[PDB]
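Below, each chain spelled out in residue letters.
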Amino acid sequence: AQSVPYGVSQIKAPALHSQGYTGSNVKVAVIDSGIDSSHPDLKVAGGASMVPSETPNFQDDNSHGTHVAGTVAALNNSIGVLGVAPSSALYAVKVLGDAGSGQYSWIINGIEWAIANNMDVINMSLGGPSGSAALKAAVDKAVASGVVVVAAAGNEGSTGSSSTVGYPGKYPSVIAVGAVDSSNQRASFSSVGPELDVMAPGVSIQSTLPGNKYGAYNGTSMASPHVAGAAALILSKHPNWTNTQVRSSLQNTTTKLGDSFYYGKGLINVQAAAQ
């Protein structure tokens with residue numbers, strides 16, 4: 001094998017993978033239904049569950065997250081696919097029960113673990129319809145102490161004027177992405193709103209699942225793991241650049257697609273706004 005998912009390939013990731021930049025030094029928060037330890041092409045630094053039902057959380061039943069985290073950084077060797085930062089330290093958080101949802105108390109909690117546990121990169125695959133001040137305190141504080149968070153959203157599409165963006169979404173802090181294919185065109189089931197801040201792939205991306213193999217997800221939660229990939233990896237050449245900085249880094253330097261409402265600002269480009 002050796003195959004790589006074009007997933008990134010589109011953002012100029014495979015690139016930096018050469019110089020030596022393999023997202024090393026950074027820990028990434030992949031808060032989701034879980035990630036597999038089992039998997040031959042996975043390496044987990046740790047984790048801790050926050051909701052009492054599936055309470056290792058190194059067994060994932062669902063694949064939302066084992067898969068997400070997949071695009072995050074999947075072992076590089078003769079095993080298949082790869083991401084942005086294949087050799088970052090995966091932190092696996094489960095705030096959901098999997099094959100269902102869970103409560104902001106589970107969303108808010110593991111995402112203060114990964115921030116008050118010195119996690120550099122945070123990947124939040126989920127979107128909520130409304131959010132509180134409680135969700136606004138940890139997103140504001142996880143962003144005020146070094147962390148840079150990215151969250152999903154897209155699965156509600158258009159509404160004319162009213163925007164369809166999840167929480168963490170409509171707030172300033174945080175950078176919510178969306179899904180693109182390769183045509184460099186939007187996606188039907190992809191969220192729009194004054195908030196969209198940048199855009200990545202997210203459609204029929206191969207990766208790894210429970211059991212021992214991969215499979216195909218299409219959605220907007222698989223896009224978020226693109227950012228927070230380059231994210232780890234933009235902290236590669238400057239283990240010492242802030243949140244703020246790298247914020248403008250990806251955002252500062254993308255490719256034009258459409259209006260600041262389904263398009264954001266463009267696509268991910270590693271070796272451009274990440275230098």
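Basis of the calculations
- Residues numbered from 1 in each chain as written, not as in the entry; some residues may be left out.
- Heavy atoms only, no water.
- Residues with missing side-chain atoms left out of burial classes, pairs and counts.
- 1 Å grid on protein atoms, 1.4 Å probe; cavity = no way out; pocket = protein on both sides within 12 Å on 5 of 7 lines; lining within 4 Å.
- Points joined across faces, edges and corners; volume = space filled by probe spheres on them.
- Nonpolar A, V, L, I, M, F, W, Y, C, P; charged D, E, K, R; others polar.
- Helix = DSSP H or I, 4+ residues; strand = E, 2+ residues; numbered from the N terminus.
- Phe/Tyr/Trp six-rings, centres within 6.5 Å; stacked < 30°, edge-to-face > 60°.
- Buried < 20%, exposed > 50% of the residue type's maximum accessible area, 1.4 Å probe, protein only.
- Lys NZ or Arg CZ within 6 Å of the ring centre and 35° of its normal.
- Right-handed = clockwise from strand over helix to strand, strands pointing away.
- Pairing = 2+ DSSP bridges.
- UniProt positions renumbered as here; feature names shortened; annotations may be inferred.
- Contact = heavy atoms within 4.5 Å.

Determination of this PDB entry was carried out by X-ray crystallography to a resolution of 2.8 Å, according to the record.

A. Region of the structure containing empty space enclosed by the protein. Size it by volume and the largest cavity reaches roughly 50 Å³. Considering the residues around the largest cavity, the lining is formed by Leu16, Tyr21, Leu233, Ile234, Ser236, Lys237, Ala274 and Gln275. Across the lining of the largest cavity, the residue classes break down as 5 nonpolar, 2 polar and 1 charged. In this structure, the second largest cavity spans a volume of roughly 40 Å³. As for the second largest cavity, its lining consists of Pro5, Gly7, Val8, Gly70, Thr71, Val81, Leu82, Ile205, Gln206 and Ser207. Counting residues per element, the lining of the second largest cavity draws most heavily on strand β9 (residues 205-209), which supplies 3 residues. Here the residues of the lining of the second largest cavity sort into 5 nonpolar, 5 polar and no charged.

B. Spatial organisation of the layout of surface pockets. For the largest pocket, the calculated volume is near 680 Å³. In terms of lining, the largest pocket is formed by 34 residues, of which the most central are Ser125, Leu126, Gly127, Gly128 and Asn155. Looking at the lining of the largest pocket, the elements that each hand over two or more residues are α3 (64-72) and α4 (104-113). Considered class by class, the residues forming the lining of the largest pocket number 12 nonpolar, 19 polar and 3 charged. As a volume, the second largest pocket reaches approximately 260 Å³. Lining the second largest pocket we find 17 residues, and of these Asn118, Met119, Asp120, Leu235 and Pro239 sit closest to its centre. Partitioning the lining of the second largest pocket into residue classes produces 8 nonpolar, 7 polar and 2 charged.

C. Quick look at the packing of aromatic side chains. For the coordinates displayed, the defined rule picks out 3 aromatic pairs. Plain terms: the ring middles of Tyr91 and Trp113 are 5.9 Å apart, the flat faces sit at 55 degrees to each other, and that makes the pair tilted. Here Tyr91 is found in strand β3 (residues 89-94), whereas its partner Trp113 is found in helix α4, with 22 residues between them in sequence. Residue class for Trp113 comes out buried when judged on its relative accessible area of 17%. Between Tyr167 and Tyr171 the ring centres are 5.1 Å apart and the planes differ by 85 degrees, which places this aromatic pair in the edge-to-face class. As far as the burial class goes, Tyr167 and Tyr171 line up, both buried. The ring of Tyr171 carries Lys136 above its face, with NZ or CZ at 5.8 Å from the centroid.

D. Local environment of the pairing of strand β5 (residues 148-151). Burial along β5 is two-sided: the residues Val148 and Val150 and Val149 and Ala151 are all buried. Crossover handedness for the path strand β4 (residues 121-124) to helix α5 (residues 134-143) to β5: right-handed. For β5 and strand β6 (residues 175-176), the ladder comprises 2 bridges, and the chain directions are parallel. Residue pairing in the sheet places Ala151 in a bridge with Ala176 of β6.

E. Looking closely at the UniProt feature "binding site: Ca(2+) 1" in the chain. Following the UniProt record, one finds the feature "binding site: Ca(2+) 1" at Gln2, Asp41, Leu75, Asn77, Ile79 and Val81. Residues from the named set that contribute to the lining of the second largest cavity are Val81. Mapped onto the fold, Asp41 is located in the loop between β1 (27-32) and β2 (44-47). Using a relative accessible area of 0% as the deciding quantity, one classes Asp41 as buried. Apart from residues lying up to four places away in sequence, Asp41 is in contact with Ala74, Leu75, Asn76, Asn77, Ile79, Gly80, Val81 and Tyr214. Along the chain, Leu75 falls in the loop between α3 and β3. Given the relative accessible area of 21%, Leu75 is considered partly exposed. Those residues in contact with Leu75 that lie beyond four places of it in its chain are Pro40, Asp41, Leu42, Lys43, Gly80, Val81 and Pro86.

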